[PDB]
Structures are given as C-alpha cells and as structure tokens.
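Trainee: Below is one structure. I have some questions about it.
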Amino acid sequence: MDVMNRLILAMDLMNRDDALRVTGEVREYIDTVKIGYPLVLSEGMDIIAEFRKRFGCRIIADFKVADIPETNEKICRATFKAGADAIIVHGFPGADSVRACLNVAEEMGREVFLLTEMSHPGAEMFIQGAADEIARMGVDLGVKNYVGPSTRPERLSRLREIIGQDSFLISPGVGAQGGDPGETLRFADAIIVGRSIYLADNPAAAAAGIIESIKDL
Amino acid sequence: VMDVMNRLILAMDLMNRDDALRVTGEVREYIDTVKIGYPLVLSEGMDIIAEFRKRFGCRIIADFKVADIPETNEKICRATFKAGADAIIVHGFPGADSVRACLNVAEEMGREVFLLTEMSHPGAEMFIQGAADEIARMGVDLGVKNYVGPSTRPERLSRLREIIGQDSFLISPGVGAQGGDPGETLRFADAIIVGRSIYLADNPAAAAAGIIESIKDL
Ligand SMILES: O=c1cc(O)n([C@@H]2O[C@H](COP(=O)(O)O)[C@@H](O)[C@H]2O)c(=O)[nH]1
Ligand SMILES: O=c1cc(O)n([C@@H]2O[C@H](COP(=O)(O)O)[C@@H](O)[C@H]2O)c(=O)[nH]1
C-alpha cells in the first residue's frame with residue numbers, strides 16, 4: 001500500500017459537513033483516510049462512497065472487528081460493500097475470528113489490518129502481554145498488514161521485528177496521545193494522525209507541519 | 001435489572017431490513033428484548049434502532065463490542081445512545097480506562113453498559129479465556145452491573161457468575177447454533193441470547209416458542 005507522505009488521516013469528526021470540509025482542506029497532503037465508528041455511526045456507511053467520490057482517497061475502515069467468526073464475516077461483507085479498501089481487525093479474539101475476515105477480504109479484493117497492541121494506557125492490562133503472540137499468529141495466518149502503538153516505540157519496534165520488513169505497519173497515537181511522528185516512522189510504514197490535525201485551528205497547516213518534520217523520511 | 005420477557009433475547013443478525021423486521025415481528029409475542037449488532041446496523045444504518053422501537057415494543061441492546069481507546073469509545077457510546085439504544089456491549093480486554101469511558105457516557109446519558117468477559121467461540125481460548133476472570137473482577141471493581149458470558153462453556157459461565165455475584169445481570173450467547181443448551185445456560189445466566197436457531201428457522205415463532213417451552217419451569 002502506497003500511502004502519500006506516510007500520513008493517514010484519522011477522520012473521527014462526527015459531522016458530515018465538518019468531516020468533508022476538513023478532509024478537503026488537507027487533501028493535497030494525503031490520499032489515505034481512516035474512517036471509524038464515530039463518523040460511520042453518526043452519518044451512515046454511505047459516507048465511505050462520498051469520500052471516494054470527492055477525494056478518490058483509499059479508505060481504511062477502522063472497525064476493530066472483535067466478534068465470533070460468523071459475525072465477523074457479516075461485518076466485513078457489509079463494510080466492503082460500502083466501498084472500504086481495508087478493515088482493521090482485533091487479534092485478541094483469536095485465529096478463527098481473524099481468518100473469517102481474511103476470507104471475505106480475499107473474496108472482495110480487500111486487505112485486513114491486524115491490530116496487535118493498542119496505544120492507550122489500558123492496553124497494558126491484557127493486550128500488551130498477548131501482543132507478541134498475536135503478531136506471531138498474524139504471521140502464521142499470512143497477515144501482511146498490522147497496527148501497532150506509536151506511544152510505545154520499543155513495542156512498535158518489537159512488532160516490526162516479528163512481522164519482518166516486508167509486512168506493512170501503520171501506527172496511531174501520534175500527536176494527541178504523545179507519539180512522535182519521526183520516531184514512529186523508524187518502525188512503521190505510515191503514521192495515523194487524528195486530533196492533531198482535525199482539531200487544529202488550521203488543519204492544513206497542522207498536516208503541513210507534521211510532514212515538514214518528517215520530510216527527510 | 002431489565003425485565004427480559006421469557007429470559008430470551010433475540011440476536012437479530014439478518015442483514016436485510018425487510019427480513020429483519022419480518023422475523024422480529026413474528027416473535028414479538030415471545031421476546032421484548034432485541035440485540036442489534038453491526039451485521040444489521042452496517043447494512044441498514046443506525047436508524048434501524050428507531051424503526052424497531054417504532055414497530056415493536058422492544059428494548060434494544062446495541063452489540064457493538066466496543067473495543068477502542070477511551071476517547072473513541074466515548075464517541076461510539078454517545079452516537080449509539082443518541083440513536084435510541086437502551087444499552088451497549090463493551091469489550092473488557094482493552095482495559096479499565098476503555099471500559100470506564102463507556103460507563104461515564106452511559107451514566108451521563110442514562111443508559112447501560114454490558115461488559116463482555118469471555119467469548120463463546122473456539123478462538124476465545126487463545127487469549128480471552130486466560131484474562132476473563134480478571135476482566136470480570138475489573139468490571140466488578142468499576143461498578144459494572146451487566147455482563148456477557150459464554151453458554152458454550154458452562155464451567156466458565158459458572159465461574160463468571162460467581163465473580164460478579166447473584167445481584168449482577170448476566171446474559172449469554174452461544175445457545176443453539178453454537179451448541180449451548182437453553183436450560184443449562186439459565187442455571188447461571190439471567191437470560192439467553194439466541195440468533196440463528198430462531199431467525200433461520202422456517203417458522204421463527206415456533207422456534208422461539210419451542211425454546212421457551214423447554215425452559216418453562218425456569
Ligand atoms: O491502538 C490504537 C488503535 C487505533 O486504531 N487507534 C485509533 O487511531 C486514532 C487516533 O487518533 P488521535 O490522533 O486523535 O489520537 C483514533 O481513530 C483511534 O480510534 C488508537 O488511537 N489506538
Ligand atoms: O461470545 C460471544 C459474544 C456475542 O455477543 N455473540 C453474539 O451473539 C449472537 C449469537 O448468535 P447465534 O445464536 O446465531 O450463534 C451473535 O450476534 C454474536 O455476534 C456470540 O455469539 N458470542
């Protein structure tokens with residue numbers, strides 16, 4: 001996946017007008033947008049096609065799929081029918097639940113991103129201790145796309161070691177949560193940035209600033 | 001705790017509005033509590049919650065297995081309750097802060113949170129099972145009153161009930177299609193969640209009636 005400027009916009013605004021306006025203001029800096037439930041549950045799944053029609057950007061559906069196999073299949077099918085190019089799936093629920101997603105993705109020509117360790121403090125309670133094994137599970141399952149925490153560079157580095165240089169890795173927690181753009185890109189192929197951009201007084205300048213700080217990357 | 005008619009909750013996972021409405025309407029006399037998840041919501045929109053409320057006199061549990069960071073969890077819960085959901089199901093594995101975020105919104109908005117501890121599918125044994133007892137204990141410490149546990153593992157469901165106490169409300173999926181037995185599950189759960197056994201039956205109403213007949217003494 002070729003992500004422009006190694007920067008993925010996490011569009012979590014919950015108003016269609018604002019989401020479209022802000023995304024449009026930074027369209028020259030990105031070509032990949034992560035759309036999650038905050039926007040989808042507020043404006044509907046039709047928003048995905050709207051983004052593709054207006055920006056032609058690739059869309060990653062951040063739905064952190066975490067159900068049983070049967071339900072995961074249905075969620076992925078509904079998501080790809082809406083036009084999403086990829087979907088993010090939790091690995092904690094096990095291999096069968098991930099495989100269900102991989103199957104639908106293959107059938108519809110899409111990609112599955114496996115979320116290993118999360119970026120928030122609570123991730124230390126249960127997820128962190130299982131993260132390395134979740135990553136190895138992804139490798140065993142043939143997963144090629146992963147999500148790891150910008151807030152813990154040492155953990156992000158370990159994830160990269162496990163999946164190898166050929167795998168694709170994206171990382172959230174940059175900016176608002178404390179992660180550094182440049183440091184994160186030492187291990188991740190692309191950084192995910194939400195609030196630092198969409199809540200900034202000038203989203204365009206915010207995006208431009210982040211890119212300037214990693215221009216050598 | 002919510003008064004679930006016949007201790008039976010319908011897992012409405014059909015993805016077609018017409019079929020979902022037809023089947024739910026056919027079993028309306030047996031169930032007053034419906035669990036709506038992403039298969040239906042992502043196919044028909046959040047307005048489906050509004051339509052179910054209008055068409056049926058049913059309580060709605062939004063099975064969204066919320067599993068994000070605190071900030072995003074808050075937004076998901078707000079949008080879900082704004083749509084009319086009486087309660088929302090949240091994953092406990094992402095940690096205490098993520099669960100607390102949901103509890104805070106539920107408190108502010110006058111709704112309820114259900115904490116999913118262990119899951120019913122085979123894959124749950126890989127990582128969730130080993131953390132389930134602690135996730136449940138965490139829920140108790142956080143003040144969680146509603147929980148979700150697996151019917152497919154009676155021994156685990158029994159332990160979960162012990163951890164949360166008799167006062168807590170516990171609902172359990174995995175009955176029917178996944179192998180769980182209605183009666184045995186109700187030994188520990190306040191209500192059973194049933195999907196395919198009912199919505200894929202030639203006569204959903206007869207399927208629901210049959211399940212209820214088997215647990216009549218309970
Ligand atoms: O571990 C993870 C996984 C995520 O997808 N995310 C998501 O990435 C985005 C981060 O946004 P922000 O830059 O505003 O903190 C959110 O949409 C969030 O749900 C995260 O923050 N941590
Ligand atoms: O551990 C769990 C948690 C669930 O919510 N569920 C949900 O409960 C329902 C079970 O449906 P069914 O009776 O068709 O197997 C589904 O909507 C599923 O997503 C489950 O099966 N196991």
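Just so we're on the same page: first chain in the structure tokens is A, next is B, and so on; residues restart at 1 for each chain, and ligands are numbered from 1 in the order they show up.
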Do a neighbour search on range 136-143 of chain B at 8 Å with only C-alpha atoms, toss out local chain neighbours closer than 6 positions, and write the hits as a list in words.
Mentor: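 With the cut-off at 8 Å, the set is residues 92, 96, 100, 115, 117, 160, 163 and 164 of chain B.
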Trainee: DSSP on the backbone, strand (DSSP E) only: what residues of range 69-111 of chain B does that give? Format it as an MDAnalysis selection string.
Mentor: chainID B and resid 87:91
Trainee: With C-alpha atoms retained, could you export that selection as a PDB file, in the first residue's frame?
Mentor:
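out-v5.pdb was written with the following content:
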ATOM      1  CA  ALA B  87     -27.684  -0.465  26.364  1.00  0.00           C
ATOM      2  CA  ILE B  88     -24.381  -1.155  24.645  1.00  0.00           C
ATOM      3  CA  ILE B  89     -21.986  -4.111  24.889  1.00  0.00           C
ATOM      4  CA  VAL B  90     -18.332  -3.311  25.521  1.00  0.00           C
ATOM      5  CA  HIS B  91     -15.202  -5.473  25.412  1.00  0.00           C
TER       6      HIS B  91
END
Trainee: Residues within 6 Å of ligand 1, counting only C-alpha atoms and all ligand atoms: report them as a ChimeraX atom specification.
Mentor: /A:10,12,118-119,149,172-177,193-196 /B:68-69,72
Trainee: Can I get the selected residues back with N, CA and C atoms, as a PDB file, in the first residue's frame?
Mentor:
ATOM      1  N   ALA A  10      -6.939  10.207  10.483  1.00  0.00           N
ATOM      2  CA  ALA A  10      -7.967   9.513  11.252  1.00  0.00           C
ATOM      3  C   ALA A  10      -9.116  10.507  11.345  1.00  0.00           C
ATOM      4  N   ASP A  12     -12.189  11.298  12.645  1.00  0.00           N
ATOM      5  CA  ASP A  12     -13.146  10.964  13.687  1.00  0.00           C
ATOM      6  C   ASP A  12     -14.121  12.081  14.050  1.00  0.00           C
ATOM      7  N   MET A 118      -2.439  -2.007  21.439  1.00  0.00           N
ATOM      8  CA  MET A 118      -3.071  -0.700  21.344  1.00  0.00           C
ATOM      9  C   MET A 118      -2.230   0.376  22.022  1.00  0.00           C
ATOM     10  N   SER A 119      -2.524   1.631  21.696  1.00  0.00           N
ATOM     11  CA  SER A 119      -1.759   2.773  22.181  1.00  0.00           C
ATOM     12  C   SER A 119      -2.113   3.403  23.517  1.00  0.00           C
ATOM     13  N   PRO A 149       1.297   0.449  18.352  1.00  0.00           N
ATOM     14  CA  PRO A 149       1.351   1.720  19.089  1.00  0.00           C
ATOM     15  C   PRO A 149       2.522   2.691  18.971  1.00  0.00           C
ATOM     16  N   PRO A 172      -1.003   4.422  15.194  1.00  0.00           N
ATOM     17  CA  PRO A 172      -1.768   5.533  15.765  1.00  0.00           C
ATOM     18  C   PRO A 172      -1.178   5.928  17.123  1.00  0.00           C
ATOM     19  N   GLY A 173      -1.618   7.068  17.642  1.00  0.00           N
ATOM     20  CA  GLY A 173      -1.121   7.555  18.918  1.00  0.00           C
ATOM     21  C   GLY A 173      -0.131   8.690  18.735  1.00  0.00           C
ATOM     22  N   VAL A 174      -0.047   9.201  17.510  1.00  0.00           N
ATOM     23  CA  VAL A 174       0.863  10.292  17.180  1.00  0.00           C
ATOM     24  C   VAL A 174       0.199  11.634  17.446  1.00  0.00           C
ATOM     25  N   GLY A 175       0.897  12.501  18.172  1.00  0.00           N
ATOM     26  CA  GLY A 175       0.356  13.814  18.466  1.00  0.00           C
ATOM     27  C   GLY A 175      -0.390  13.882  19.783  1.00  0.00           C
ATOM     28  N   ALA A 176      -1.716  13.873  19.701  1.00  0.00           N
ATOM     29  CA  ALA A 176      -2.562  13.956  20.883  1.00  0.00           C
ATOM     30  C   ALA A 176      -2.198  12.970  21.990  1.00  0.00           C
ATOM     31  N   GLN A 177      -1.931  11.718  21.627  1.00  0.00           N
ATOM     32  CA  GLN A 177      -1.593  10.706  22.621  1.00  0.00           C
ATOM     33  C   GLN A 177      -0.129  10.718  23.048  1.00  0.00           C
ATOM     34  N   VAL A 193      -2.839   9.947  12.166  1.00  0.00           N
ATOM     35  CA  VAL A 193      -2.987  11.168  12.945  1.00  0.00           C
ATOM     36  C   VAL A 193      -4.424  11.662  12.864  1.00  0.00           C
ATOM     37  N   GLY A 194      -5.028  11.866  14.030  1.00  0.00           N
ATOM     38  CA  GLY A 194      -6.396  12.340  14.095  1.00  0.00           C
ATOM     39  C   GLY A 194      -6.507  13.759  14.622  1.00  0.00           C
ATOM     40  N   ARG A 195      -6.746  13.888  15.924  1.00  0.00           N
ATOM     41  CA  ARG A 195      -6.924  15.188  16.569  1.00  0.00           C
ATOM     42  C   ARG A 195      -5.896  16.274  16.276  1.00  0.00           C
ATOM     43  N   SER A 196      -4.613  15.920  16.246  1.00  0.00           N
ATOM     44  CA  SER A 196      -3.574  16.911  15.972  1.00  0.00           C
ATOM     45  C   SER A 196      -3.856  17.648  14.668  1.00  0.00           C
TER      46      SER A 196
ATOM     47  N   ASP B  68     -12.125   0.186  21.558  1.00  0.00           N
ATOM     48  CA  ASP B  68     -11.182   1.204  21.119  1.00  0.00           C
ATOM     49  C   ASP B  68     -10.552   1.902  22.321  1.00  0.00           C
ATOM     50  N   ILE B  69      -9.834   2.990  22.058  1.00  0.00           N
ATOM     51  CA  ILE B  69      -9.214   3.767  23.123  1.00  0.00           C
ATOM     52  C   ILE B  69     -10.347   4.542  23.802  1.00  0.00           C
ATOM     53  N   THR B  72     -12.227   7.373  21.694  1.00  0.00           N
ATOM     54  CA  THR B  72     -13.096   6.877  20.637  1.00  0.00           C
ATOM     55  C   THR B  72     -14.285   6.116  21.215  1.00  0.00           C
TER      56      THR B  72
END
Trainee: Report as a ChimeraX atom specification the set of chain A residues whose atoms approach chain B to within 8 Å, with distances computed over only C-alpha atoms.
Mentor: /A:37-38,41-42,44-45,64,66-69,71,74-75,78-79,92-97,118-127,130
Trainee: Just write the chosen residues, N, CA and C atoms, as a CSV table (one decimal), in the first residue's frame.
Mentor:
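File written: selection18.csv
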chain,number,residue,atom,x,y,z
A,37,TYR,N,-16.0,4.2,13.6
A,37,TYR,CA,-17.3,4.3,14.0
A,37,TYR,C,-17.8,5.6,14.4
A,38,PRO,N,-17.0,6.5,14.9
A,38,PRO,CA,-17.5,7.8,15.3
A,38,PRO,C,-18.2,8.5,14.1
A,41,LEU,N,-21.2,5.8,12.5
A,41,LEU,CA,-22.4,5.7,13.3
A,41,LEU,C,-23.2,7.0,13.4
A,42,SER,N,-22.5,8.1,13.1
A,42,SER,CA,-23.2,9.4,13.1
A,42,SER,C,-23.8,9.8,11.7
A,44,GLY,N,-23.7,7.4,8.8
A,44,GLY,CA,-24.0,6.2,7.9
A,44,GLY,C,-22.9,5.7,7.1
A,45,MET,N,-23.0,4.5,6.6
A,45,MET,CA,-21.9,3.9,5.8
A,45,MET,C,-21.8,4.5,4.4
A,64,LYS,N,-12.3,-2.2,14.3
A,64,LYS,CA,-11.7,-3.1,15.3
A,64,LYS,C,-12.6,-4.3,15.5
A,66,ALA,N,-14.2,-7.5,16.4
A,66,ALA,CA,-13.9,-8.4,17.5
A,66,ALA,C,-15.0,-9.3,17.9
A,67,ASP,N,-15.6,-9.9,17.0
A,67,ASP,CA,-16.7,-10.8,17.2
A,67,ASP,C,-16.4,-12.3,16.9
A,68,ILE,N,-17.3,-13.1,16.9
A,68,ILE,CA,-17.1,-14.5,16.6
A,68,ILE,C,-16.9,-14.6,15.1
A,69,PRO,N,-16.4,-15.7,14.6
A,69,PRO,CA,-16.2,-15.9,13.1
A,69,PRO,C,-17.4,-15.5,12.2
A,71,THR,N,-20.1,-13.8,12.8
A,71,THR,CA,-20.5,-12.3,12.8
A,71,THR,C,-19.4,-11.5,12.1
A,74,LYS,N,-19.9,-11.3,8.4
A,74,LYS,CA,-21.0,-10.4,8.0
A,74,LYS,C,-20.6,-8.9,8.1
A,75,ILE,N,-19.8,-8.6,9.2
A,75,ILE,CA,-19.3,-7.3,9.4
A,75,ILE,C,-18.4,-6.9,8.2
A,78,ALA,N,-20.4,-6.4,4.9
A,78,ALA,CA,-21.2,-5.1,4.9
A,78,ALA,C,-20.2,-3.9,4.7
A,79,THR,N,-19.0,-4.0,5.3
A,79,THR,CA,-18.0,-3.0,5.2
A,79,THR,C,-17.4,-2.8,3.8
A,92,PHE,N,-7.0,-10.2,19.4
A,92,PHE,CA,-7.2,-10.8,20.8
A,92,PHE,C,-8.3,-11.9,20.7
A,93,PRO,N,-9.4,-11.7,19.9
A,93,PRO,CA,-10.4,-12.8,19.9
A,93,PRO,C,-10.0,-14.1,19.3
A,94,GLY,N,-8.7,-14.2,18.8
A,94,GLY,CA,-8.3,-15.5,18.3
A,94,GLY,C,-8.2,-15.6,16.8
A,95,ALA,N,-7.5,-16.7,16.4
A,95,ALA,CA,-7.2,-17.0,15.0
A,95,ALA,C,-8.5,-17.3,14.1
A,96,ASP,N,-9.5,-18.0,14.6
A,96,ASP,CA,-10.6,-18.2,13.8
A,96,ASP,C,-11.4,-16.9,13.4
A,97,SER,N,-11.4,-16.0,14.3
A,97,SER,CA,-12.1,-14.7,14.1
A,97,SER,C,-11.3,-13.9,13.1
A,118,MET,N,-2.4,-2.0,21.4
A,118,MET,CA,-3.1,-0.7,21.3
A,118,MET,C,-2.2,0.4,22.0
A,119,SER,N,-2.5,1.6,21.7
A,119,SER,CA,-1.8,2.8,22.2
A,119,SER,C,-2.1,3.4,23.5
A,120,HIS,N,-3.3,3.1,24.0
A,120,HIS,CA,-3.8,3.7,25.3
A,120,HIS,C,-3.2,3.0,26.5
A,121,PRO,N,-3.2,3.7,27.7
A,121,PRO,CA,-2.7,3.1,28.9
A,121,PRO,C,-3.4,1.7,29.2
A,122,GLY,N,-4.7,1.6,29.1
A,122,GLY,CA,-5.4,0.3,29.3
A,122,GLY,C,-4.8,-0.9,28.6
A,123,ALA,N,-4.1,-0.6,27.5
A,123,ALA,CA,-3.6,-1.7,26.7
A,123,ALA,C,-2.6,-2.5,27.5
A,124,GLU,N,-2.0,-1.9,28.5
A,124,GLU,CA,-1.0,-2.7,29.4
A,124,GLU,C,-1.7,-3.8,30.2
A,125,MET,N,-2.9,-3.7,30.5
A,125,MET,CA,-3.6,-4.7,31.3
A,125,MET,C,-3.7,-6.1,30.8
A,126,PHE,N,-4.2,-6.2,29.5
A,126,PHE,CA,-4.3,-7.5,28.9
A,126,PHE,C,-3.7,-7.7,27.5
A,127,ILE,N,-3.9,-6.6,26.7
A,127,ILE,CA,-3.4,-6.7,25.4
A,127,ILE,C,-1.9,-6.8,25.2
A,130,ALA,N,-0.2,-10.2,25.4
A,130,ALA,CA,-0.5,-11.1,24.4
A,130,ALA,C,-0.1,-10.6,23.0
Trainee: Pick out the closest residue to residue 81 in chain B from this set: B:192, B:175, B:61, B:11. Count only C-alpha atoms.
Mentor: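 For residue 81 in chain B, the nearest of the given residues is B:61.
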Trainee: Run DSSP on the backbone of this structure and report the residues of range 34-168 of chain A it assigns to helix (DSSP H, G or I), as a short mmCIF file (atom, residue, chain, number, x, y, z; two decimals) with N, CA and C atoms, in the first residue's frame.
Mentor:
data_model
loop_
_atom_site.label_atom_id
_atom_site.label_comp_id
_atom_site.auth_asym_id
_atom_site.auth_seq_id
_atom_site.Cartn_x
_atom_site.Cartn_y
_atom_site.Cartn_z
N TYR A 37 -15.95 4.20 13.57
CA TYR A 37 -17.33 4.26 14.00
C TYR A 37 -17.84 5.64 14.43
N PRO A 38 -16.97 6.52 14.94
CA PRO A 38 -17.50 7.83 15.33
C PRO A 38 -18.22 8.49 14.15
N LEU A 39 -17.59 8.47 12.98
CA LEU A 39 -18.20 9.08 11.80
C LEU A 39 -19.28 8.20 11.18
N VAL A 40 -18.99 6.91 11.03
CA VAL A 40 -19.95 5.99 10.44
C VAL A 40 -21.27 5.85 11.21
N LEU A 41 -21.20 5.79 12.53
CA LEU A 41 -22.42 5.66 13.33
C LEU A 41 -23.21 6.96 13.40
N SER A 42 -22.54 8.07 13.08
CA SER A 42 -23.19 9.38 13.10
C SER A 42 -23.76 9.78 11.75
N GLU A 43 -23.11 9.36 10.66
CA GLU A 43 -23.56 9.74 9.32
C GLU A 43 -23.93 8.60 8.37
N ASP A 46 -22.80 5.29 3.96
CA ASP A 46 -22.74 5.95 2.66
C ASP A 46 -21.63 6.99 2.61
N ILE A 47 -21.11 7.36 3.78
CA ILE A 47 -20.05 8.36 3.87
C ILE A 47 -18.77 7.88 3.19
N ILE A 48 -18.56 6.56 3.17
CA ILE A 48 -17.38 5.99 2.55
C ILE A 48 -17.36 6.26 1.05
N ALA A 49 -18.49 6.01 0.39
CA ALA A 49 -18.58 6.25 -1.05
C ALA A 49 -18.46 7.75 -1.32
N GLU A 50 -18.97 8.56 -0.40
CA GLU A 50 -18.91 10.01 -0.54
C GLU A 50 -17.45 10.45 -0.59
N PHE A 51 -16.64 9.90 0.31
CA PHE A 51 -15.22 10.25 0.36
C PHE A 51 -14.51 9.83 -0.92
N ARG A 52 -14.83 8.64 -1.43
CA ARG A 52 -14.19 8.16 -2.65
C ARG A 52 -14.60 9.01 -3.85
N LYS A 53 -15.84 9.48 -3.84
CA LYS A 53 -16.35 10.30 -4.92
C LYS A 53 -15.71 11.69 -4.91
N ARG A 54 -15.54 12.25 -3.72
CA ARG A 54 -14.96 13.58 -3.59
C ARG A 54 -13.44 13.66 -3.58
N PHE A 55 -12.78 12.65 -3.02
CA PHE A 55 -11.32 12.67 -2.92
C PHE A 55 -10.58 11.55 -3.63
N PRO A 69 -16.39 -15.73 14.56
CA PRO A 69 -16.19 -15.87 13.11
C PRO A 69 -17.40 -15.54 12.23
N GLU A 70 -18.55 -16.14 12.54
CA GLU A 70 -19.76 -15.93 11.76
C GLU A 70 -20.16 -14.47 11.65
N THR A 71 -20.10 -13.75 12.77
CA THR A 71 -20.47 -12.34 12.76
C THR A 71 -19.39 -11.50 12.09
N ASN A 72 -18.13 -11.86 12.31
CA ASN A 72 -17.03 -11.12 11.69
C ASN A 72 -17.18 -11.15 10.17
N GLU A 73 -17.60 -12.30 9.63
CA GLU A 73 -17.77 -12.42 8.19
C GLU A 73 -18.80 -11.41 7.70
N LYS A 74 -19.93 -11.33 8.40
CA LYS A 74 -21.00 -10.41 8.03
C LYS A 74 -20.56 -8.95 8.13
N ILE A 75 -19.82 -8.61 9.18
CA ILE A 75 -19.33 -7.25 9.36
C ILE A 75 -18.40 -6.87 8.21
N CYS A 76 -17.49 -7.76 7.85
CA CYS A 76 -16.56 -7.48 6.76
C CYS A 76 -17.29 -7.33 5.43
N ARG A 77 -18.27 -8.19 5.18
CA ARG A 77 -19.02 -8.12 3.93
C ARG A 77 -19.77 -6.79 3.82
N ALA A 78 -20.42 -6.37 4.90
CA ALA A 78 -21.15 -5.11 4.88
C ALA A 78 -20.20 -3.93 4.70
N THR A 79 -19.03 -4.02 5.31
CA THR A 79 -18.03 -2.96 5.24
C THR A 79 -17.43 -2.81 3.84
N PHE A 80 -17.09 -3.93 3.21
CA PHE A 80 -16.53 -3.87 1.87
C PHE A 80 -17.59 -3.50 0.85
N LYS A 81 -18.85 -3.86 1.12
CA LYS A 81 -19.92 -3.50 0.20
C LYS A 81 -20.03 -1.98 0.17
N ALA A 95 -7.50 -16.74 16.37
CA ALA A 95 -7.24 -17.03 14.97
C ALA A 95 -8.46 -17.25 14.09
N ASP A 96 -9.46 -17.98 14.58
CA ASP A 96 -10.63 -18.22 13.75
C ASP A 96 -11.36 -16.93 13.40
N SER A 97 -11.42 -16.00 14.34
CA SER A 97 -12.09 -14.73 14.08
C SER A 97 -11.32 -13.89 13.05
N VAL A 98 -9.99 -14.00 13.05
CA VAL A 98 -9.20 -13.26 12.08
C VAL A 98 -9.34 -13.90 10.70
N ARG A 99 -9.29 -15.23 10.66
CA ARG A 99 -9.42 -15.95 9.40
C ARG A 99 -10.74 -15.63 8.69
N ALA A 100 -11.82 -15.49 9.47
CA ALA A 100 -13.12 -15.16 8.89
C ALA A 100 -13.01 -13.86 8.10
N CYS A 101 -12.27 -12.90 8.65
CA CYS A 101 -12.09 -11.61 7.99
C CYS A 101 -11.20 -11.74 6.76
N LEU A 102 -10.13 -12.52 6.88
CA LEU A 102 -9.22 -12.72 5.76
C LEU A 102 -9.96 -13.33 4.57
N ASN A 103 -10.87 -14.26 4.85
CA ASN A 103 -11.63 -14.90 3.78
C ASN A 103 -12.46 -13.91 2.98
N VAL A 104 -13.23 -13.07 3.66
CA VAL A 104 -14.06 -12.09 2.98
C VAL A 104 -13.20 -11.08 2.23
N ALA A 105 -12.10 -10.67 2.84
CA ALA A 105 -11.20 -9.71 2.20
C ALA A 105 -10.68 -10.27 0.88
N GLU A 106 -10.28 -11.53 0.88
CA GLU A 106 -9.76 -12.16 -0.34
C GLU A 106 -10.85 -12.23 -1.41
N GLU A 107 -12.06 -12.56 -0.98
CA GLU A 107 -13.19 -12.68 -1.88
C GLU A 107 -13.57 -11.37 -2.56
N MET A 108 -13.42 -10.26 -1.84
CA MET A 108 -13.80 -8.97 -2.38
C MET A 108 -12.65 -8.07 -2.81
N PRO A 121 -3.24 3.68 27.67
CA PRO A 121 -2.75 3.07 28.91
C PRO A 121 -3.36 1.71 29.25
N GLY A 122 -4.67 1.59 29.05
CA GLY A 122 -5.35 0.34 29.35
C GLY A 122 -4.83 -0.86 28.59
N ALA A 123 -4.13 -0.62 27.48
CA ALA A 123 -3.58 -1.70 26.68
C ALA A 123 -2.59 -2.54 27.49
N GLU A 124 -2.01 -1.94 28.53
CA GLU A 124 -1.04 -2.65 29.36
C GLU A 124 -1.65 -3.76 30.20
N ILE A 127 -3.87 -6.64 26.73
CA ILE A 127 -3.37 -6.70 25.36
C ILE A 127 -1.86 -6.81 25.22
N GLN A 128 -1.12 -5.96 25.92
CA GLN A 128 0.33 -5.97 25.81
C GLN A 128 0.97 -7.33 26.02
N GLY A 129 0.54 -8.05 27.05
CA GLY A 129 1.11 -9.35 27.34
C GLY A 129 0.83 -10.41 26.29
N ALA A 130 -0.16 -10.17 25.44
CA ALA A 130 -0.52 -11.12 24.39
C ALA A 130 -0.09 -10.64 23.01
N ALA A 131 0.32 -9.38 22.92
CA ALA A 131 0.70 -8.76 21.65
C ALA A 131 1.71 -9.49 20.77
N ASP A 132 2.83 -9.93 21.34
CA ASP A 132 3.83 -10.63 20.54
C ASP A 132 3.23 -11.90 19.94
N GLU A 133 2.47 -12.64 20.75
CA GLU A 133 1.85 -13.87 20.29
C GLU A 133 0.79 -13.58 19.23
N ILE A 134 0.08 -12.46 19.37
CA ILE A 134 -0.93 -12.08 18.39
C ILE A 134 -0.23 -11.80 17.06
N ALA A 135 0.93 -11.15 17.13
CA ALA A 135 1.70 -10.85 15.93
C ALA A 135 2.18 -12.14 15.27
N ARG A 136 2.66 -13.10 16.06
CA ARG A 136 3.12 -14.37 15.50
C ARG A 136 1.94 -15.09 14.86
N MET A 137 0.76 -14.94 15.45
CA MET A 137 -0.45 -15.56 14.91
C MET A 137 -0.73 -14.95 13.54
N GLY A 138 -0.56 -13.64 13.43
CA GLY A 138 -0.79 -12.99 12.15
C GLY A 138 0.17 -13.55 11.11
N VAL A 139 1.42 -13.74 11.51
CA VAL A 139 2.41 -14.28 10.59
C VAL A 139 1.99 -15.68 10.15
N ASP A 140 1.58 -16.51 11.10
CA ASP A 140 1.14 -17.87 10.77
C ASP A 140 -0.07 -17.87 9.84
N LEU A 141 -0.94 -16.88 10.00
CA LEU A 141 -2.15 -16.77 9.17
C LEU A 141 -1.90 -16.11 7.82
N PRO A 153 7.37 3.11 21.39
CA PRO A 153 8.33 2.80 20.33
C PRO A 153 9.05 1.47 20.47
N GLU A 154 9.36 1.08 21.70
CA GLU A 154 10.06 -0.18 21.92
C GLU A 154 9.15 -1.35 21.56
N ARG A 155 7.85 -1.18 21.81
CA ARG A 155 6.89 -2.22 21.49
C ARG A 155 6.63 -2.23 19.99
N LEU A 156 6.59 -1.05 19.38
CA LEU A 156 6.37 -0.94 17.95
C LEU A 156 7.56 -1.58 17.23
N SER A 157 8.76 -1.38 17.76
CA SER A 157 9.96 -1.95 17.17
C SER A 157 9.89 -3.48 17.27
N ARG A 158 9.45 -3.99 18.41
CA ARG A 158 9.35 -5.44 18.57
C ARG A 158 8.34 -6.00 17.56
N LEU A 159 7.23 -5.30 17.37
CA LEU A 159 6.22 -5.75 16.42
C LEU A 159 6.83 -5.83 15.02
N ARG A 160 7.59 -4.81 14.65
CA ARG A 160 8.25 -4.79 13.35
C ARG A 160 9.20 -5.98 13.21
N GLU A 161 9.92 -6.29 14.29
CA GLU A 161 10.86 -7.41 14.25
C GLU A 161 10.12 -8.71 13.98
N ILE A 162 8.99 -8.90 14.65
CA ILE A 162 8.21 -10.11 14.48
C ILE A 162 7.63 -10.29 13.08
N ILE A 163 7.03 -9.23 12.55
CA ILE A 163 6.41 -9.31 11.23
C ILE A 163 7.36 -9.19 10.04
#
Trainee: Measure the distance from CA of residue 19 in chain A to CA of residue 150 in chain A in Å and round it to one decimal.
Mentor: 24.0 Å
